[PDB]
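Asks: Shown below is the structure under consideration.
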Amino acid sequence: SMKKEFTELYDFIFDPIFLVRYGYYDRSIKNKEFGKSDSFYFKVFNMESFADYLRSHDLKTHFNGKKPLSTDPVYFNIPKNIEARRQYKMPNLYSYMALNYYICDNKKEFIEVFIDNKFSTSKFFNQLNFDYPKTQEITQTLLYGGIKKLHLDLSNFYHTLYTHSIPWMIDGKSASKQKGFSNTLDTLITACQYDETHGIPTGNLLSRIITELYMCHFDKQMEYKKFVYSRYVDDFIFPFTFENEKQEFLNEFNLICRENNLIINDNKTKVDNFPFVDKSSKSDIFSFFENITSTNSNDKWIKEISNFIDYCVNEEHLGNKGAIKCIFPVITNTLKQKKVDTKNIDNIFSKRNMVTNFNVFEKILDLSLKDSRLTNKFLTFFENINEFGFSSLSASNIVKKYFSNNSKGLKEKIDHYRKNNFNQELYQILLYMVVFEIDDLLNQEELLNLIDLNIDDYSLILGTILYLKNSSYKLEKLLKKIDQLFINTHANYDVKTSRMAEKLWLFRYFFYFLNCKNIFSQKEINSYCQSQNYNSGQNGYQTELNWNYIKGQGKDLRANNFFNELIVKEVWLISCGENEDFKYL
Amino acid sequence: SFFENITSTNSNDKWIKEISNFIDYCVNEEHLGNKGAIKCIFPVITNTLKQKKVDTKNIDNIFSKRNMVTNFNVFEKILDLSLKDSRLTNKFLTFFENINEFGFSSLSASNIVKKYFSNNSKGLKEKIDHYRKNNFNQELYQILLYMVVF
Amino acid sequence: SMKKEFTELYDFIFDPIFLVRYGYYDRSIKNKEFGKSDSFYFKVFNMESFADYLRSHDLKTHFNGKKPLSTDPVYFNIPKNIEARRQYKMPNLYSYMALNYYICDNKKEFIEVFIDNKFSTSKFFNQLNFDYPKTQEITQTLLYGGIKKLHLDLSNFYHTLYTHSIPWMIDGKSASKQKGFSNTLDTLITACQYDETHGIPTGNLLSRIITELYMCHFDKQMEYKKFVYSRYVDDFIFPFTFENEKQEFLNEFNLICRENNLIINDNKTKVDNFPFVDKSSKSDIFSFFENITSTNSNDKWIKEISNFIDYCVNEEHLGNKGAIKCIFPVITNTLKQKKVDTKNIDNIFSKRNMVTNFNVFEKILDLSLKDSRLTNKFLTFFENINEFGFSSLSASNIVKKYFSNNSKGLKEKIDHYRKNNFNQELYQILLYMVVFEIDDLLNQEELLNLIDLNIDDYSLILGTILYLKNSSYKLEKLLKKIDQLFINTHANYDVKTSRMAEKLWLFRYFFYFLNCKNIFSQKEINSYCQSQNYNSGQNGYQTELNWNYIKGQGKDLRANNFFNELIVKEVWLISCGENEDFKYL
Amino acid sequence: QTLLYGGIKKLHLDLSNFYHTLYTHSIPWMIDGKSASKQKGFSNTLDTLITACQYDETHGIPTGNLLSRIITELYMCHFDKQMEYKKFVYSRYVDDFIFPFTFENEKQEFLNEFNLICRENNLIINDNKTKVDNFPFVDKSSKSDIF
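Protein chains in written order, with the numbering used here: chain X, 506 to 1090; chain A, 39 to 188; chain F, 506 to 1090; chain Y, 3 to 149.
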């Protein structure tokens, strides 16, 4: 039945190993590409090694402590639109696992609410089968009987939520002015973001699960008042016929929002009158390549792909949300279904027109660079067409030519992104440079300029990879820069604070893991420490660069012990390539 | 030309999805100024099912299938569309007669309409009260006609 | 000089007795009516008695405790516009005095920042001489040299400010991840609002002073980047000539906002191009009555006043902000300057036209009822024209006739306001009923319906006054209702919580003060307690209605002792009229 | 002004071509009730005289004199009688209505009853002049500067 299928879904979801293998980076599992929320390159940043370690070792012995350790997340900033920004907070892995274990032991408090709920089309999290059109069917069924539709949307819901209002929603505000499940969940949520009570750390499955529980108690209240609507996260569609219905709904909705410190985005409040508008229809996009077959010339294929990209950008401009994100999946599916030869795939995507100087892969790459949220979409598309026959060397040469041709614009874009803390836009350029072996856009002293403050952890890792890939460069101008960065970061905390509970936890772990595997040769680190006259000790040189000294510094060493167990057992959080040489093609 | 690239060998789920998308497409077309685009929904669904040579068992499966997880039935969507504009009463009822001859059993359609009316009983009762107070003759006529027929 | 005059202003302002006599209710002192922020009727709600008590007694002996007691403020909701709402939080008097004393002892940390500041036109707080046109002159001087003006506005600045970000602004975010002035000020601010770290308690001078200090450190950062602009609270005007100037300013402004968790209201972001638009010009309003003299007939005066009200409402509609609030002051000033006889004042404002059934005072009253933020404006205007000659009995009869004529609409408005927690709209109607002796709009069981939950403290006090004014009614249907309300309110707190640190502190104090002065006869309270079978004790009947029993209940009695000292010394926070009979005309 | 008291919102309604398209036989329907008209009296004789003034044409009222305005005012005063029996308050000048209200349910109830009366009496609403004024109210027609 409905309840059995929901119970199977939530039994599969509410598993700690699942919530770290796919939960941390907000991936989707299809069996035991629209709603896909994947925002980090799986080939570099994944939790496969950590989840493999978890399957055979229980780490709950590290979270027996009463008070949750307060840690600092990775601050990653992504574009909301062409002008606005959205702030992601990637929690410390220790804090993430604490919250993960707590939610998985208290799964009963989430599942029953999710089961009883009727209004949410987002309580399935784009998992195994409950992909987008099924939630669309649920919305359709919920919208029956209404000649009018009222659209409501909370403004900055994730980023401005008062974290202490979670017990107010779950248990009642009054019962909260007086230990329990909601209070402990609140403490763990704030511990994931350094005791900050402003917002929820966004960008993973646990945050979405907690937000869905919060909004499902919202729905519980609003259905107790005998209302019916469809909600996706914080977007409400309320079907109604009579204006008194809308006014009563708005009154109760406003009371609940005001009581819970929620702000309504009044710019998105609209009423649709029947006949209803439906801008986001994908039928034309999916049927764009119906009248093209594998017997057509490769030039026809190139022209149709270019026209298709232009068509989808126009569709996105015309209000068809998500139409650009459908470009890559349906190009891949068309090439796979139409049975196009591998030599033909290579010819289509590698052909450079002698007179127009036009290459279709370069057009797709430029499209990806126009919106940084298309980074993983582009890279997945490239992996697919690489398996189809498009050689990796030709793609690398095309991307090299693009970067060389647009070097001035790319350098000033990097300067802008680094000045303005545009984290994902910088991450995309450095990720393309790492993946496609771009070894001339930035020289040595520009690469060293990215290892500084206000640079996100993933960008720092990608810059370090770019520095290590170039064997000409000397890793002492790098060790000095990294050590200075580590010292400056620790200078912002109390001296009795463990380093892995601070900012740059992921970049620190990257560096110490690389040091243990001896990509940073111990001889040259020793020479650098001697140059800086670092006092030796029982277990090293007492520098920020020495994990043996760092792992025992601080009054509270729970995160240090956690990450020491990961390092000792050779668990990597950043993939160094299939041959440990930082090559990803 | 909405159903050009669909054939009788396609799965019934594909047929249901295409009919739902087609209804949404026609409502959008009517909204965009294409006068009479909703009134073309029923005739071309009927003509498509007749031309594509879809089996009677398949007709019954398409229009009677109730999705276990989304709780979605396409006949219920068409019925709701008909109830949104009372001028579509005879269009809906003619369409139902056609698909009844095609294989969609009358008992299943009656059960679907029963479920819709039971689910939306509150809204329908207040609509009847509004229509009876305001002398909205055809809107009341449509609801009572559906009650009599089904 | 400039600095000496600013120093005199801030020496006068930063005085605890000043910050309670005018600070608490956000009043303005002219010598030792535009920007006036007065939102509560001075004749009922004032701190004259408390400030008089302070001048002769030092209450700092009550705030020697280390940990600030966390108290619950009075939640008062006022309209932001015809559709939106603004939330006021009137702090507990104990918490208010704690924060007041701390700010006055740390005045040096505010004054130097205010002195050095250049960009703020709001760091004067509409005090002695620094009224609106002088801040306009400051803005004009700051806007020199710019052919273009960029307007920026933070969205929901007071109500969504993260209170822990105050140390980030004042001391630097980095120096805050490590006792000081900023941390203690943060603790006191959160204690004023029951440890809630979401927003600043709005509606008093201390909150405006702290907000100005926060924004003056904002200005300090932005001027260190060599920018020039004019800011009023959170409204920025940035003069510029070249687009690179605007882009650089927007970049740095966005960085500071993002770092400090501040949200920009993108709907109010506009660029004015020269020639500049100036909608808010008051010259026509002030010159409306130039060609009218005291020798004109009273009918001419009535017609001109009516036309003037219509003109000002139109001006407000056309974007002339604050044009309606100028109606009452300039009518009063015109009648005073034109030397109109007192008999003529009475004739103008009391004449009821026999055929049109039109009275100008009724029109002004209806205008006041259209926007509840005009309550105090209307009541001040009525006091002025009452001194000018307009008899109080005639005004009471006119308001009686209006309320009787519109009784149905007013009753359904009261029901709407009470259901939707529209605090100021209800407060205005009950205040008009109390002031003008309206004794028939609500009967006994409707009056008792307002003494319930989700009703603000001032509305509860006004309803109690309306009940006591009617000598026919029995105060046992009132004592039962109040006791039930007190029990229900205390049921939402831990049993070891002192009652004066809870919600409804002001209404509780009102009731106990009234009981000590014997407006509630002790005999009838005793009879009610016996009817409810309340167990007696060493010091009373152990009911919520007995201050002798309540004052010693709770683990922490600092607020109880404070308010006990106020009650014992017969300090009133609600004025009972000049003759202690609740009559205010 | 006195009639518009108590309303934070104003709804403006206007009948379209009221004088020129009025069905003259609907005057007894308004004055006496439509039902009592499917069965000599004052209203019938007034209707006959009105049509005689315009050559037995039953389409409109002869416009441009005081008698036509008096009859139109009587017609609309029976309209007002019905609408006040339903406990409504508004200001009407000829066929221009200003309805003061605060809550949207008030406006919807008023529009429902107003539409029923118009439909029953063959009256057409000028939907191009239907507007809602929100406070602060607009006042374009002010003659102070001219005078």
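Every residue, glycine too, gets a C-beta built ideally from N, C-alpha and C.
With residue 907(F) as the anchor, note down where its alpha helix (DSSP H) starts and where it stops.
Replies: From DSSP, the alpha helix (DSSP H) with residue 907(F) extends over 897-910.
Asks: Tell me which residues of the region 663-685 of chain F have at least one Cβ-Cβ distance to chain X shorter than 7 Å, keeping chain order.
Replies: Those would be 665, 667, 679, 682, 683, in chain order.
Asks: Alpha carbons only, please: which of 628(F), 914(F), 1074(F), 956(F) is nearest the one belonging to residue 514(F)?
Replies: Answer by Cα proximity: 628(F).
Asks: Under the three-state reduction of DSSP, which class applies to residue 1024(X): helix, strand or coil?
Replies: Residue 1024(X) falls in the coil class under three-state DSSP.
Asks: Assess, as a yes-or-no matter, whether the region 772-786 of chain F is touched by the region 832-839 of chain F under the definition of 3 or more beta carbon pairs within less than 8 Å.
Replies: Flag = no, the region 832-839 of chain F and the region 772-786 of chain F do not touch.
Asks: Starting from residue 863(F), find everything on chain Y with Cβ-Cβ shorter than 8 Å and list it in chain order.
Replies: Residues of chain Y passing the Cβ test: 3, 4.
Asks: For the 8 Å Cβ check, are there 3 or more pairs between the region 620-640 of chain X and the region 532-545 of chain X?
Replies: Yes, since at least three Cβ pairs between the region 620-640 of chain X and the region 532-545 of chain X fall closer than 8 Å, the two stretches touch.
Asks: Which bits of chain C does residue 136(Y) rub up against, with CB to CB less than 8 Å?
Replies: No chain C appears in this structure, whose protein chains are X, A, F and Y.
Asks: Which residues in chain A have a C-beta closer than 8 Å to the C-beta of residue 118(Y)? List them in chain order.
Replies: Neighbours of residue 118(Y) on chain A, chain order: 172, 173.
Asks: Provide the residue span of the alpha helix (DSSP H) that contains residue 175(A), from first to last.
Replies: It spans 175-187 - the alpha helix (DSSP H) in which residue 175(A) sits, taken as one unbroken run.
Asks: Measure the alpha-carbon distance for residue 846(X) versus residue 857(X) and round it to whole angstroms.
Replies: If you take the alpha carbons of residue 846(X) and residue 857(X), they lie about 19 Å apart.
Asks: Can you tell me where the alpha helix (DSSP H) holding residue 719(X) begins and where it ends?
Replies: Unbroken alpha helix (DSSP H) run through residue 719(X): 710-729.
Asks: Return helix, strand or coil for residue 1042(F), following the three-state DSSP convention.
Replies: Three-state DSSP puts residue 1042(F) in a strand.
Asks: Round the Cβ separation of residue 499(F) and residue 851(F) to the nearest angstrom and send it over; I've been treating them as touching at under 8 Å.
Replies: Outside the shown range of chain F (506 to 1090) lies residue 499(F), about which nothing can therefore be said.
Asks: Taking the C-alpha atoms as reference points, what is the distance between residue 700(X) and residue 576(X)?
Replies: If I take the Cα positions, the gap works out to 8 Å.
Asks: So if DSSP puts residue 579(F) in a beta bridge, which residue, or which two residues, is it bridged to?
Replies: Beta-bridge pairing links residue 579(F) to 595(F).
Asks: Residue 967(X) by DSSP, collapsed to three states: which one?
Replies: If DSSP states are grouped into helix, strand and coil, residue 967(X) belongs with the helices.
Asks: Kindly list the residues whose CB is nearer than 6 Å to the CB of residue 91(A), restricted to its own chain and excluding five residues on each side of it in sequence; keep chain order.
Replies: Contacts found: 46.
Asks: Helix, strand or coil for residue 822(F), going by three-state DSSP, please let me know.
Replies: Residue state, collapsed to three classes: helix.
Asks: Assuming residue 995(X) is part of the alpha helix (DSSP H), what are its boundary residues?
Replies: From DSSP, the alpha helix (DSSP H) with residue 995(X) extends over 982-995.
Asks: Any Cβ of chain A within less than 7 Å of the Cβ of residue 124(Y)?
Replies: No, no contact with chain A.
Asks: Let me see if you follow: with CB-CB separation under 7 Å, is residue 757(X) close to chain Y or not?
Replies: No - not a single Cβ of chain Y is within 7 Å of the one on residue 757(X).
Asks: Give me the DSSP bridge partner(s) of residue 777(X).
Replies: Answer is 654(X).
Asks: Using the C-alpha atoms, what's the distance from residue 9(Y) back to residue 69(A)?
Replies: Going from the Cα of residue 69(A) to the Cα of residue 9(Y) covers about 35 Å.
Asks: Would residue 998(F) pass as an interface residue toward chain X - the criterion being a Cβ-Cβ separation below 7 Å?
Replies: Cβ-Cβ to chain X under 7 Å: yes for residue 998(F).
Asks: Given a cut-off of 7 Å, decide if residue 573(X) and residue 596(X) are closer than it, judged by their beta-carbon atoms.
Replies: In this structure, residue 573(X) does not lie closer than 7 Å to residue 596(X) by Cβ.
Asks: Using a Cβ-Cβ cutoff of less than 8 Å, which residues in the same chain neighbour residue 762(F) once the five nearest sequence positions on both sides are dropped?
Replies: Cβ neighbours of residue 762(F) beyond the five flanking positions: 659, 768, 769.
Asks: Alpha carbon to alpha carbon, how far is residue 811(X) from residue 187(A)? Give it in angstroms, no decimals.
Replies: Their backbone Cα atoms lie some 54 Å apart in a straight line.
Asks: Which value, in whole angstroms, describes the spacing of the CA atoms of residue 848(F) and residue 895(F)?
Replies: The straight-line gap from Cα to Cα measures roughly 8 Å.
Asks: Distance, Cα to Cα, residue 868(F) vs residue 105(Y)?
Replies: Going from the Cα of residue 868(F) to the Cα of residue 105(Y) covers about 21 Å.
Asks: Within a Cβ cutoff of 6 Å, which residues of the same chain sit near residue 1092(X), ignoring the five residues on either side of it in sequence?
Replies: The structure shown does not extend to residue 1092(X), since chain X is modelled only from 506 to 1090, so the question has no answer here.
Asks: Which residues in the same chain as residue 918(F) place their Cβ atom closer than 8 Å to its Cβ, once the five residues preceding and following it in sequence are excluded?
Replies: Around residue 918(F): 930, 934.
Asks: Report buried or exposed for residue 1049(X), applying the criterion of at least 16 other Cβ atoms within 10 angstroms of its Cβ.
Replies: Under this definition residue 1049(X) is a buried residue.
Asks: Terminal residues of the continuous alpha helix (DSSP H) containing residue 615(F)?
Replies: Start and end: 612-621.
Asks: Would you list the residues sitting across from residue 638(X) in a DSSP beta bridge?
Replies: DSSP, once it has assigned bridges, lists no residue as partnering residue 638(X).
Asks: In three-state terms, what does DSSP make of residue 816(F)?
Replies: Helix.
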